[PDB]
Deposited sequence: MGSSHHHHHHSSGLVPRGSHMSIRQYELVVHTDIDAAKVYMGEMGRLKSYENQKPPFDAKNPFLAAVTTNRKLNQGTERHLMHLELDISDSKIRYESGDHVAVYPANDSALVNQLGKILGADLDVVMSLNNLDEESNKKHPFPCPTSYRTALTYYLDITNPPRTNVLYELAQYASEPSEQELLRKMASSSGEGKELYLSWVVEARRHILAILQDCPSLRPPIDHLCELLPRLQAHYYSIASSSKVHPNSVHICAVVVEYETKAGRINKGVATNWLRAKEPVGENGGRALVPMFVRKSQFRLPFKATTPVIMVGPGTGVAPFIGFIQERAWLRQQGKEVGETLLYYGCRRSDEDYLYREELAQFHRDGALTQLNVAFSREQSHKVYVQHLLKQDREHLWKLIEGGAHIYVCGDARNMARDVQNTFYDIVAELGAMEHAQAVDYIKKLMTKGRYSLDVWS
């Protein structure tokens, strides 16, 4: 293996990592500048449910960044360093027969290597499993390969070796049993009960818990000291009878502003190129169904603020979409108000499940082809946010058709027309999977 275990049975508390990603005690003793290595622990001042129905949980959070000196603009992303579910960590410690509160360090056997440890050390197994390791995604084949030796029941050891191998059947079993069944490490330990790996080796094998990104849903012109997040919680039943929970979204959902004690979220801002036009008079066309509406809430807040200040602001159009108006229409109240006040020139919403067939944002775009062409020819900026798997492409193709038709040009010329808009920064995307 790559690291050797050094147990610290008599270490001073002040020398022990408790979840910080960078410098020891940086989470507790907060000093700017705040960035990825020194994230700001923002207090959650608001955490509320956005959707009307109960099929899913969509939430709006407001993170207090006052005194952080952090600067941001609508369009930027906010990264958060989440924590795993404490109950899940507890289950892992129990099934492994390990004392999670043991403080230790895993040191690279190669004393010259720049990578001295697998994560911040010294630290306890509980802390590592909570803040530093990924214990929810399907383990890679290499992890299964190393774990097989620890399964004392021959049949289970054979199963693990098979799924970690390159045999035809082995690959199909891994695909269905680990990947498709979404079996995380605890699920594997439960389904192969003879598997008893030492916790320190397990901590060396698992991947690191990663920062998760969200599109800031506020304008710094309106909320300079608060960063807002709009997110859908990930929670589903697996094909193995278990309930899997997305790490960051369930961690955020549990952040109660609230005995007192503020709910803190370690975060940092990652600058993007997704930006409103330099001139407020320039029109904007925003397309963002579902949580893709996130950055546009900030855009609209900003355009509304500018109008309120007394500045001239161009047309501001939003093409939003949800399943049902009484199920998951995000920011329905806020958007209605912005429209009523004139901040939002047009509020076009596609309710995809209110009829037998699908009605999506691109259907509304095409039906508004005339005005959209007028706006585009006039210098308007187009923005698309949300699903990158199909929505983004479908929307792009719709703009191709609009330009080809009303622009009286061939598809090829339409593609070049849109591509030039992208190079000129007039067609921007903020999509994810």
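*Asks:* What stretches of this chain's deposited sequence are missing C-alpha coordinates?
*Replies:* Unobserved in coordinates, per deposited numbering: 1 to 23, 282 to 283.
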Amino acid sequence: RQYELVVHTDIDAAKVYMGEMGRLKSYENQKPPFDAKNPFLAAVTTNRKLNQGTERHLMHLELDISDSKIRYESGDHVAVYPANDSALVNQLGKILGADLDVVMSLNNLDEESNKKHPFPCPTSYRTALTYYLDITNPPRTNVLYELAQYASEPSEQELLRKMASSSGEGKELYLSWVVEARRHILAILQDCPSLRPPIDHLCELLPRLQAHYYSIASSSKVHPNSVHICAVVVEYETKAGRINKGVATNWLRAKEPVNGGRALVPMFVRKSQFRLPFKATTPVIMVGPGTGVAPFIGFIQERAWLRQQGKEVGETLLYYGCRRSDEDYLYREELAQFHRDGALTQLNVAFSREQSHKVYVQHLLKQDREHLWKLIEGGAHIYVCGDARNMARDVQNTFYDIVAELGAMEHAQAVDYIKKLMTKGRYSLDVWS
From here on, numbers count along this sequence of modelled residues.
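*Asks:* Should the higher mean CA B-factor in the entry be assigned to 226 to 234 or to 302 to 310?
*Replies:* Taking the mean C-alpha B-factor of 226 to 234 and of 302 to 310, the larger value falls to 302 to 310.
*Asks:* For the C-alpha atoms alone, is the average B factor greater in 59 to 67 or in 46 to 54, going by the entry?
*Replies:* Between 46 to 54 and 59 to 67, it is 46 to 54.
*Asks:* Taking the Cα B-factors listed in the entry, which of 218, 91, 113, 130 comes out highest?
*Replies:* When the deposited C-alpha B-factors of 218, 91, 113, 130 are compared, 113 is largest.
*Asks:* Can you tell me whether residue 198 has a C-alpha B-factor in the lowest, middle or highest third compared with the other modelled residues of the same chain?
*Replies:* Its C-alpha B-factor, which the entry lists for residue 198, ranks in the middle third among residues of this chain.
*Asks:* What third of the chain does residue 134 rank in for C-alpha temperature factor, lowest, middle or highest?
*Replies:* Bottom third by C-alpha B-factor.
*Asks:* Check where residue 184 lands among this chain's C-alpha B-factors and tell me if it's the lowest, middle or highest third.
*Replies:* CA B-factor rank for residue 184: lowest third.
*Asks:* When the modelled residues of the chain are sorted by Cα temperature factor, does residue 283 land in the lowest, middle or highest third?
*Replies:* Its C-alpha B-factor belongs to the middle third of this chain's values.
*Asks:* By the record's CA B-factor, is residue 384 among the lowest, middle or highest third of residues in the chain?
*Replies:* According to the entry, residue 384 has a C-alpha B-factor in the chain's lowest third.
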